[PDB]
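Bear in mind that the values in this text are calculations on the coordinates, not laboratory data. Positions of Cβ are backbone-derived with ideal geometry, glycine not excepted, and every protein chain shown enters the neighbour counts.
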Amino acid sequence: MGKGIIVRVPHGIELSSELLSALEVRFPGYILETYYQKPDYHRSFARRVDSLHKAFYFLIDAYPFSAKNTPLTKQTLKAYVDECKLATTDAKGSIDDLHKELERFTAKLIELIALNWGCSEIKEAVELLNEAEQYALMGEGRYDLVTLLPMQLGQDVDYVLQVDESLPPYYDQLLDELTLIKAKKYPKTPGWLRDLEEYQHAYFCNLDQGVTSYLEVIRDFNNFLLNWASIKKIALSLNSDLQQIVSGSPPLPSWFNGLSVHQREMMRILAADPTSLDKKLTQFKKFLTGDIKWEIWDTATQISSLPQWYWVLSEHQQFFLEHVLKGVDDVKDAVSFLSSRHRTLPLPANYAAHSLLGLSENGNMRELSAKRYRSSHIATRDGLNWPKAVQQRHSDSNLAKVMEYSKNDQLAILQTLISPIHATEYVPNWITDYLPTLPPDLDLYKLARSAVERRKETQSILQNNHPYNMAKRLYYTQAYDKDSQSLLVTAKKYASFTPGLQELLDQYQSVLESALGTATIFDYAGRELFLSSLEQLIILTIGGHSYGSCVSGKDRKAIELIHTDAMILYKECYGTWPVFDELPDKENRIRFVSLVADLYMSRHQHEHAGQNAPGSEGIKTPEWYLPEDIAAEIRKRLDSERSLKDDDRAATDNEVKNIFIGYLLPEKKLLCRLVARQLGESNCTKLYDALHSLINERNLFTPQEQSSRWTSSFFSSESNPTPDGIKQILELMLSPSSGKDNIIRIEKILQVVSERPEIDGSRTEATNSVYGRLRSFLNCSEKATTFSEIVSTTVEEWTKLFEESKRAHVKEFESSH
């Protein structure tokens, strides 16, 4: 890996080779890329189309579909998808026109996926595409991103660089686990394992490798039951034993410690509800020797060889993982980078280090900030229904990876920008996309607290969370917030030997307190950005480790980075920090707003988000998180009331399901369209010509006159001789058609046939040959035989029916003479 570097450079500035050369030094191998003042939404559109196209290809190469679903070949699907993509090269217009073309192209893929993979629910087709794109992106790696803006703040600085360096998120344990997965040839989770209750899942996933057969499992569990009802005689008060276990804090009862790994983890789960503990035990004894045994006896002892995080993956994820792993010698190259949406593997997503550099005309670089580290929240929203143990392997492993550049003696912040909301308070609104479900923020909050607690021994970490959300009431950081106090208390210790710190502590105290007094109008959004920026500036001037996230790490976090960058640029230009308490009329606020707006409009952060899902280059909900005067300045600079809503539209496009937040063809129409295309011109023409002759011998289709079945003459076969399907196929053949045209005619004729009933004992030989053979192209055959071979047989059969009929009419015209 080490995939490369893109330096974005404003359109039409020329660069002295002294700068190009300083760039080579700091960013060896870099590629230049041009940007403009005005967002290019046509670019984001092509990127998204292209990425999803590649995601279809990943899907089809990685995930097997049963051959019984459809008679269509991979080659026919890929050609169809290629044509759908080529139809979007013309798309021109407003962001609205292009969003519609995107919605159309995406729906085409989803529908093709539901068809070829036989998805009962269209949403599974959505998830297949969405997740295939993520794994395609992991495999490909990520370019580091540098954005160059001309600005002068000092003699030294003529250019400002925003920098985000992608960071490998793997760690040794995971690499070892990935190696095992390949060596075992990518076993998939069997259904029986998925169906287990949490304690039983712990049993099998932690089973000691001394237990080598299903017979040894039964005995192991019975030996546990004896040893258990033994401990229930001898333990002094069971519950204070069990509540130390749920708590998990020593001193643990002695018997528990000496339980084998798997008995241990099974207890850990059962101890959380002692009332049903003994019931569940005798229910597992019963499970083991029950009907499951037929199915699990050869596989149950193989589970614990691979990690529990692997086994909870859906089956499609496992094939996706497999397909990326299969393409590298070094397993680390399969996992060099994870998209923000990709929270099913226990390593950090969207993990990067953000820094700010000044560059002078003669090519001297100066560091304007240290590295500030960013990632998706350490806890996974994707695993809230998984066992507690997997949920913690994610948070622990991610917390460790994200502290990797800290030192265990130096200060370290975990700054989260999320908004926990209980179910009793949650109103679906514009900030959360009208999600009908509870946002994960509250679960994520607690999961991160727990993780930092477990790491207390190794490293002490400052935790600050900044909510900013609307439901029944506004939610924001309180003046009296506890974690702010610990931060002030901890940071004051440093004031007397840290130059610059005191004025930041005064400011932070002041902004925190500014909430208590009331004007009628108050900039709560700005207060938040100032609170979050000052915390970072405090850590930075102290020299501690700067880390933070929002839920995805591309949105609120991007805003903090811009805001904090802007404060650093402001200090650098005018000699002091800008401050919260400033009237908007004033020259100081205007100058800060200019810097913020400049940084935001460079679109550096937007691009960084885009790399998570290309074509998704925007920021979530800017008009909620930005103060009014910054938002207004951006809006007016771009001359559009819409400009921040377009940013939010482009962000929302990262999830395939949300492409339909701002199409399917009828019952069998797609299958028929593609069956005709797979037949191709030559075959459709043979089928067409043979059918043309046969169908125009209209007598062959008239059934017998079946008196015993009819009561009203009006609905008799006498009055309605030709079956309607056949009448329709005449209707379709009434215009003359040649060549390419024949493919559409066959498409359409097959639409008719696909609606016909399967069995109807009153049909004539010819009606059954027309319907039956044509329908045979819409199913897969028993012994796999080519379309061309079925064409052969069908033409022969229809040609014979035509000839016999022709001869019998001419031998009843000899009856005449």
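Would you order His817, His563, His262 from fewest to most other beta-carbon atoms within 10 Å of each residue's own beta-carbon? Don't skip to the answer; put the middle values down first.
Details: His817 4, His563 26, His262 21.
With the fewest neighbours first, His817, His563, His262 line up as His817, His262, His563.
Expressed as a fraction of 2.2 N^0.38 Å, the rule-of-thumb size for a compact globular protein of N residues, what is the C-alpha radius of gyration of segment 614-671?
That works out to 1.58 for segment 614-671.
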| field | Listed residue (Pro420, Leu98, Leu259) projecting farthest to the positive dipole end of the chain, Cβ model | value | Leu259
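With a cut-off of 8 Å between alpha carbons and a minimum separation of six or more residues, what is the relative contact order of segment 1-98 in percent?
Values: 51 pairs, mean separation 27.2, N = 98.
Worked out over segment 1-98, it gives 28 percent.
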| Based only on Cα atoms, what Rg/Rh ratio does segment 190-305 have, Rh being taken as Kirkwood's radius? | 0.96
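Note down the magnitude of the dipole of segment 665-817 about its Cα centre, charges +1 on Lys and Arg C-beta and -1 on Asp and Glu C-beta and zero elsewhere, to the nearest 20 debye.
Numbers: 20 positive and 22 negative charges, 90 e Å.
Dipole about the Cα centre, nearest 20: 440 debye.
Which value, in debye to the nearest 20, describes the size of the charge dipole of segment 26-173 about its Cα centre when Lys and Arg Cβ atoms bear +1, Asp and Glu Cβ atoms bear -1, and nothing else is charged?
Working: 16 positive and 24 negative charges, 106 e Å.
Dipole magnitude for segment 26-173 comes out near 500 debye.
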| message | Percent of Cα-Cα pairs more than 14 Å apart in segment 219-270, please. | response | 52
| remark: Here, GluC sites (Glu not before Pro) of segment 128-194 satisfying both criteria (DSSP loop; at most 14 other Cβ within 10 Å) are none
| said: At 222 nm, what value in deg cm²/dmol follows for the chain if DSSP H runs of at least 4 each add -39500 (n - 2.57) and the sum is divided by all its residues, to the nearest 500? | reply: -16000 deg cm²/dmol
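What's the exposure ranking of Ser594, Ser713, going from fewest to most Cβ atoms within 10 Å? Show your work: numbers first, answer last.
Values: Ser594 17, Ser713 8.
Sorted ascending by nearby Cβ count, the order is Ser713, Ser594.
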| Taking neighbour counts of Cβ atoms within 10 Å as a proxy for exposure, in what order, fewest first, do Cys684, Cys84 appear? | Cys84, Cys684
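Give me D for segment 393-487 in µm² s⁻¹, whole number, from Stokes-Einstein with Rh from the Kirkwood sum over alpha-carbon pairs, 10 °C and 1.306 mPa s. Kindly include the intermediate steps, with their values, before the conclusion.
Working: Rh = 14.9 Å.
Here the translational diffusion coefficient equals 107 µm²/s.
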| request: Tabulate in residue order the Karplus-calculated ³J(HN,Hα) for segment 567-580, using 6.51 cos²θ - 1.76 cosθ + 1.60 with θ = phi - 60°, rounded to whole Hz; enter x for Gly and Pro. | output: 5, 4, 5, 5, 3, 5, 7, 10, x, 9, 4, x, 9, 3
| said: How much of the DSSP bridge set in the chain is antiparallel, in percent, rounded to the nearest 5? | reply: 55
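Filter the chymotrypsin sites (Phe, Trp or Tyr not before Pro) in segment 388-461 to those in DSSP coil with at most 12 other Cβ atoms within 10 Å of their Cβ, and list the result.
On the way: sites: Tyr405, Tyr426, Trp430, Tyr434, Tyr445; in loops: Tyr405, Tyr426, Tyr434.
Loop-located and lightly packed - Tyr434.
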| Mind listing which trypsin sites (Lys or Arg not before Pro) in segment 54-107 are in a DSSP loop and have 14 or fewer other Cβ atoms within 10 Å? | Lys68, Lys92
| task | Evaluate segment 228-382: find the radius of gyration of its Cα atoms, find its Kirkwood radius, and give the ratio Rg to Rh. | result | 1.17
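When the Kirkwood hydrodynamic radius is evaluated over all pairs of different C-alpha atoms of the chain, what value in angstrom, to one decimal, is obtained?
Working: mean 1/r = 0.0318 Å⁻¹.
Hydrodynamic radius (Kirkwood, Cα only) of the chain equals 31.4 Å.
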| task | With unit charges on the beta carbon (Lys/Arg positive, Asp/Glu negative), name the residue among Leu671, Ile729, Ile630 whose Cα is farthest towards the positive pole of the charge dipole of segment 614-731. | result | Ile729
| request: Using only alpha carbons, build the gyration tensor for segment 665-817 and give me the equivalent ellipsoid semi-axes, biggest first, whole Å. | output: 27, 20, 15
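Could you compute the net charge surrounding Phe592? Neighbours are other residues with a C-beta less than 12 Å from the C-beta of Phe592; K and R count +1, D and E count -1. Please list the in-between numbers first.
Values: positive: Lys571, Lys586, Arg589, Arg591; negative: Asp565, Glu582, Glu587, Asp598, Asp629, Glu633.
Charge balance near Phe592 sits at -2.
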| task | Between the alpha-carbon centers of segment 286-360 and segment 1-57, tell me the distance in whole angstrom. | result | 31
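Placing +1 at every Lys and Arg Cβ and -1 at every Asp and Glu Cβ, with all other atoms neutral, what dipole size does the chain have around its Cα centre, in debye to the nearest 20? Mind dumping the intermediate values first?
Working: 93 positive and 111 negative charges, 338 e Å.
For this selection, approximately 1620 debye.
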| task | Diagonalise the Cα gyration tensor of segment 517-587 and give the resulting equivalent ellipsoid semi-axes, square root of 5 times each eigenvalue, largest first, whole Å. | result | 22, 18, 11
| request: Compare the Cα positions of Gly615, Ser594, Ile542 along the charge dipole of segment 530-616 (+1 at Cβ of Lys, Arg; -1 at Cβ of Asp, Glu; about the Cα centre) and return the one farthest towards the positive end. | output: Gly615
